[PDB]
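Residue numbers (the entry's author numbering), protein chains in the order written: chain V, 2 to 25; chain C, 1 to 206; chain N, 1 to 60; chain S, 1 to 80.
Here a beta-carbon is modelled for each residue, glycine too, at the ideal position from N, C-alpha and C.
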Amino acid sequence: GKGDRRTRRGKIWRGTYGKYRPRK
Amino acid sequence: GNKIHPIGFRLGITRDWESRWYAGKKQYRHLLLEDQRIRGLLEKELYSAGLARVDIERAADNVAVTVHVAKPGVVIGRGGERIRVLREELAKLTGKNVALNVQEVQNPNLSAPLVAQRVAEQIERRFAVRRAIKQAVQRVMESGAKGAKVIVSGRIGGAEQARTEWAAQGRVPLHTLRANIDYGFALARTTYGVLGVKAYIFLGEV
Amino acid sequence: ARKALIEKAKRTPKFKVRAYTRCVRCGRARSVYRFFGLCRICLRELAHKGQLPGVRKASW
Amino acid sequence: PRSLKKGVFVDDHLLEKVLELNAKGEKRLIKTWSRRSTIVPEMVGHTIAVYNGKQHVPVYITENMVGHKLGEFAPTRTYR
RNA sequence: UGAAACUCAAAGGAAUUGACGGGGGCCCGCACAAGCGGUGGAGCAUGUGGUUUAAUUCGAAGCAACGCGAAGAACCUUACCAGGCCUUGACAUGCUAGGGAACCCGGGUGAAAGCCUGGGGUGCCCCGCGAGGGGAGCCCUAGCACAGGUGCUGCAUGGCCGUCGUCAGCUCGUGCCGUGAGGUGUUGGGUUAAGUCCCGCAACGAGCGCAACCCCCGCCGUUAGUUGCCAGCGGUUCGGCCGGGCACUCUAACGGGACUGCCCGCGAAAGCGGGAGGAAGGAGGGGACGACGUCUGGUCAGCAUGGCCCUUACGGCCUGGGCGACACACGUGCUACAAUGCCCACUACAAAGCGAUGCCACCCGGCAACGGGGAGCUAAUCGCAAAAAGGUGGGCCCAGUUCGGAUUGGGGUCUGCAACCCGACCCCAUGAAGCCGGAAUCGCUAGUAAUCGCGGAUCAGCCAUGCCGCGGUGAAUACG
Ligand SMILES: [K+]
Ligand SMILES: [K+]
Ligand SMILES: [K+]
Ligand SMILES: [K+]
Ligand SMILES: [Mg+2]
Ligand SMILES: [Mg+2]
Ligand SMILES: [Mg+2]
Ligand SMILES: [Mg+2]
Ligand SMILES: [Mg+2]
Ligand SMILES: [Mg+2]
Ligand SMILES: [Mg+2]
Ligand SMILES: [Mg+2]
Ligand SMILES: [Mg+2]
Ligand SMILES: [Mg+2]
Ligand SMILES: [Mg+2]
Ligand SMILES: [Mg+2]
Ligand SMILES: [Mg+2]
Ligand SMILES: [Mg+2]
Ligand SMILES: [Mg+2]
Ligand SMILES: [Mg+2]
Ligand SMILES: [Mg+2]
Ligand SMILES: [Mg+2]
Ligand SMILES: [Mg+2]
Ligand SMILES: [Mg+2]
Ligand SMILES: [Mg+2]
Ligand SMILES: [Mg+2]
Ligand SMILES: [Mg+2]
Ligand SMILES: [Mg+2]
Ligand SMILES: [Mg+2]
Ligand SMILES: [Mg+2]
Ligand SMILES: [Mg+2]
Ligand SMILES: [Mg+2]
Ligand SMILES: [Mg+2]
Ligand SMILES: [Mg+2]
Ligand SMILES: [Mg+2]
Ligand SMILES: [Mg+2]
Ligand SMILES: [Mg+2]
Ligand SMILES: [Mg+2]
Ligand SMILES: [Mg+2]
Ligand SMILES: [Mg+2]
Ligand SMILES: [Mg+2]
Ligand SMILES: [Mg+2]
Ligand SMILES: [Mg+2]
Ligand SMILES: [Mg+2]
Ligand SMILES: [Mg+2]
Ligand SMILES: [Mg+2]
Ligand SMILES: [Mg+2]
Ligand SMILES: [Mg+2]
Ligand SMILES: [Mg+2]
Ligand SMILES: [Mg+2]
Ligand SMILES: [Zn+2]
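Put into structure tokens, the structure is as follows:
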């Protein structure tokens with residue numbers, strides 16, 4: 002969930018981007 | 001502790017600001033720090049003139065300004081020898097080169113800031129508080145005004161137990177956002193400590 | 001405000017980091033609003049006096 | 001998950017005091033206030049006394065510890 | 001029948017204003033009940049107690065202290081601690097003196113601070129042919145007048161705040177009653193959210209409060225179009241793109257609008273119950289606003305302030321620690337325990353905000369953090385920008401498991417002089433507890449609760465899961 006750093010919703014919550022949530 | 005400053009509360013209507021100068025997120029803090037430096041000196045000296053207000057307008061290095069006093073002369077000087085030194089004291093403070101008008105306070109007993117200053121002085125000279133208050137309310141109430149009130153803090157009369165003297169007449173509706181009430185606060189150092197003096201004058205409604 | 005730690009005006013921090021806002025009016029160092037250079041306390045004091053132009057009491 | 005980037009940091013107090021001290025060879029003791037500085041190769045063999053805020057702890061530097069900061073060998077607090 | 005020694009400053013009566021009652025009668029409030037979701041359980045974040053420490057700076061202490069002062073502790077901040085160095089001082093206003101201009105740049109030494117120590121240099125005023133002499137400013141000493149002190153008193157205080165509270169209520173003037181405190185007014189019937197209004201009354205009025213006057217949201221209209229439209233038409237790179245137009249939507253100034261006015265019913269009236277128009281009724285919904293006063297409440301560490309105390313140190317400068325300690329206990333929260341769910345795709349629909357030593361389109365490199373490079377924006381023009389929940393599709397099949405992401409190993413990117421103590425962020429490993437929480441206990445009456453994400457202040461960065469705001473979806477229940 003929101004606490005999973007390396008996941009979709011995880012990056013959102015932590016307000017970041019990366020492999021699991023790229024900037025499109 | 002309750003009740004907001006009746007001026008900060010009435011800025012919307014019945015009560016304009018004391019600095020009508022616009023600015024942007026880069027200079028505002030400066031033009032502000034400046035006004036204070038101004039009021040800092042103006043009050044540090046013109047005390048004797050009895051300065052009720054001090055507006056400050058701007059447009060660009062042409063800092064309007066003004067100073068509403070009860071006794072203009074004290075400002076001016078022999079022909080204008082004081083209003084000279086000071087006028088240069090402003091541009092020496094801030095190389096802005098600005099005006100320095102002077103409005104006269106028609107009645108110094110309808111300007112809360114003075115009425116406060118008034119009583120505040122008496123307190124230091126050791127006048128009986130209750131009297132001063134009773135009187136002050138009168139001066140204000142006699143020379144017009146639909147209402148008025150005065151408040152002194154504590155250690156009244158050098159007492160160890162801080163109290164709070166009252167006194168007030170007519171109307172003074174603070175909850176009514178339209179009263180147009182002048183508020184004036186005057187400190188009051190003393191051998192034993194500070195005493196705060198607030199003054200409220202209700203003049204005209206709508 | 002310990003009029004000695006009001007050496008913030010120093011401008012010679014050796015390293016720009018050590019630079020810290022600090023109130024211009026109270027010396028209050030813990031709630032200094034960039035925009036006013038004042039602390040939250042004085043920012044509230046002057047605003048009441050109408051000495052901060054434009055600054056009104058918001059409500060909605 | 002350590003990090004610093006490209007440009008390993010080391011205060012030049014002891015540096016020009018060590019690489020320079022390597023001219024004659026080695027020496028007994030040193031005294032630094034730079035927990036900040038990284039331990040580099042040219043220190044192995046030295047005995048750098050590090051300050052922990054109250055003391056100057058004698059830290060013998062070895063190969064296996066090249067890379068760690070000096071502070072890591074001068075523990076700050078005192079528990080039981 | 002009825003003393004005394006000794007001892008007290010009272011013991012008592014009636015009445016008054018209060019407070020109180022496990023006295024009575026009316027009546028309110030998420031007070032209970034009715035509900036819906038939570039917290040004391042787990043892991044973690046944060047504040048606190050307690051321990052510990054050279055120091056773990058200080059305050060806050062039932063409600064109303066405990067994500068509180070702190071809307072940003074690596075150094076700074078920080079007031080704490082350890083060391084090295086200053087000591088008319090970091091900052092004010094003056095002084096006689098011993099005496100040398102101000103200023104610019106150096107090198108030893110050192111952790112820095114500081115200390116030695118050596119040099120380019122030497123204008124200005126009246127004198128003097130000059131030599132050189134006496135002074136303003138200035139700086140440097142040496143000795144004064146003093147500065148400084150987040151050192152103690154918030155029970156010596158301003159100011160400001162919290163609290164009982166938006167709870168109604170607290171009073172006055174004159175008159176009347178009572179020897180008097182003090183009553184009457186303000187009690188009483190009806191009514192209201194309200195000491196709101198009505199009726200009645202030895203009382204008639206008034207002040208601070210209630211309400212109203214201010215702000216936001218809801219409907220309509222003027223005035224205004226580098227935002228909107230193809231509604232209308234004609235050009236199309238089929239992009240409101242271009243022409244062109246203010247209609248619409250907005251943007252934002254000013255107005256209109258609701259008054260129990262209208263209708264039926266009850267009533268002495270105020271007003272209550274419905275009904276019609278109307279976007280909106282009978283305080284439309286939400287704010288700002290919190291009386292006389294109480295807590296002898298908070299705060300001298302925001303400031304101001306009396307007294308007290310230290311004035312080569314209770315002042316000052318640094319470097320490094322500390323505020324981040326950890327057997328343990330509590331508060332507030334975060335993320336969860338899963339299928340009304342978790343993934344990966346792919347697709348939608350926001351509102352308020354912020355943006356020069358900045359938002360950062362777009363392009364290239366990198367799994368990525370981020371780095372190169374650069375378009376446009378002083379922003380209704382550009383940017384942060386994706387909103388998320390949803391919707392379509394597909395995977396997982398019920399397992400400590402595609403639930404959950406705590407720990408820990410490794411490799412990196414950034415901000416910064418600098419991330420050991422003690423920063424976020426990325427990637428690979430690791431994959432803890434937890435299967436819905438004892439006794440207790442918290443919030444909320446509707447766009448509220450629950451749930452979803454977005455922006456701001458502070459700020460280099462950040463330990464924001466805090467805080468202040470914004471909009472999407474949108475319940476249950478209230479006998480009493
Ligand atoms: K009795
Ligand atoms: K309203
Ligand atoms: K008190
Ligand atoms: K959830
Ligand atoms: Mg998962
Ligand atoms: Mg101070
Ligand atoms: Mg800082
Ligand atoms: Mg600031
Ligand atoms: Mg006797
Ligand atoms: Mg009696
Ligand atoms: Mg009684
Ligand atoms: Mg009773
Ligand atoms: Mg209610
Ligand atoms: Mg309610
Ligand atoms: Mg209940
Ligand atoms: Mg728990
Ligand atoms: Mg312990
Ligand atoms: Mg204290
Ligand atoms: Mg503490
Ligand atoms: Mg809170
Ligand atoms: Mg520190
Ligand atoms: Mg107090
Ligand atoms: Mg106080
Ligand atoms: Mg206290
Ligand atoms: Mg009310
Ligand atoms: Mg009477
Ligand atoms: Mg009588
Ligand atoms: Mg009575
Ligand atoms: Mg009376
Ligand atoms: Mg009464
Ligand atoms: Mg009475
Ligand atoms: Mg009565
Ligand atoms: Mg009533
Ligand atoms: Mg009334
Ligand atoms: Mg009556
Ligand atoms: Mg319209
Ligand atoms: Mg009101
Ligand atoms: Mg208390
Ligand atoms: Mg107290
Ligand atoms: Mg702390
Ligand atoms: Mg908890
Ligand atoms: Mg790539
Ligand atoms: Mg298990
Ligand atoms: Mg798993
Ligand atoms: Mg660190
Ligand atoms: Mg299971
Ligand atoms: Mg925010
Ligand atoms: Mg930030
Ligand atoms: Mg941390
Ligand atoms: Mg955060
Ligand atoms: Zn201040």
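Each residue's CA atom was taken as its position, placing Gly-45 (chain S) and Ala-74 (chain S) some 17 angstroms apart.
According to the DSSP assignment, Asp-182 (chain C) belongs to the beta strand (DSSP E) that extends over 181 to 186. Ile-151 (chain C) is bridged by DSSP to C:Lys-198.
Pairing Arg-56 (chain N) with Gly-12 (chain C), the inter-Cα distance amounts to about 7 angstroms.
Between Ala-167 (chain C) and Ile-133 (chain C), the C-beta gap is smaller than 8 angstroms, which places the two residues in contact.
Membership of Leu-15 (chain S) in the alpha helix (DSSP H) is indicated by the continuous run 12 to 18. Following the DSSP letters along the chain, one finds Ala-49 (chain S) inside the beta strand (DSSP E) bounded by residues 47 to 51. In the three-state reduction of the DSSP assignment, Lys-69 (chain S) falls in the strand class, which pools E and B. Comparing C-alpha distances from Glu-34 (chain C) to each of N:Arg-18, N:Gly-37, N:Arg-30 shows the shortest one belongs to N:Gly-37.
Near chain C, meaning a CB-to-CB distance below 7 angstroms, the residues of the region 27 to 50 of chain N are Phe-35, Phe-36, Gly-37, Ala-47, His-48, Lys-49, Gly-50. Boundaries of the alpha helix (DSSP H) harbouring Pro-72 (chain C): 72 to 76, taken from the DSSP string. Not one heavy atom of ligand 37 lies closer than 7 angstroms to the C-beta of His-48 (chain N).
For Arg-53 (chain C), the enclosing beta strand (DSSP E) starts and ends at 51 to 53. CA-CA distance, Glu-57 (chain C) to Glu-89 (chain C), rounds to 18 angstroms. For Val-67 (chain C), the secondary structure class from DSSP, reduced to helix, strand or coil, is coil.
With a cut-off of 8 angstroms on Cβ pairs, the region 1 to 18 of chain C is not in contact with the region 13 to 28 of chain N, counting fewer than three such pairs. Within chain C, the C-beta atoms nearer than 9 angstroms to that of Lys-57 (chain N) come from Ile-4, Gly-8, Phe-9, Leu-11, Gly-12, in chain order. When C-beta atoms of the region 147 to 155 of chain C are compared with those of the region 178 to 195 of chain C, three or more pairs fall below 8 angstroms, so the two segments count as touching.
Listed along chain C are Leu-33, each with a C-beta nearer than 7 angstroms to that of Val-24 (chain N). By the beta-carbon neighbour count (other beta carbons within 10 angstroms, threshold 16), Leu-29 (chain S) is exposed.
DSSP lists S:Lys-69 as the bridge partner or partners of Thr-38 (chain S).
Rounded to whole angstroms, the Cβ separation of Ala-116 (chain C) and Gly-184 (chain C) is 4 angstroms, and the two are in contact under 8 angstroms. Per DSSP, the continuous beta strand (DSSP E) segment holding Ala-168 (chain C) begins and ends at 168 to 170.
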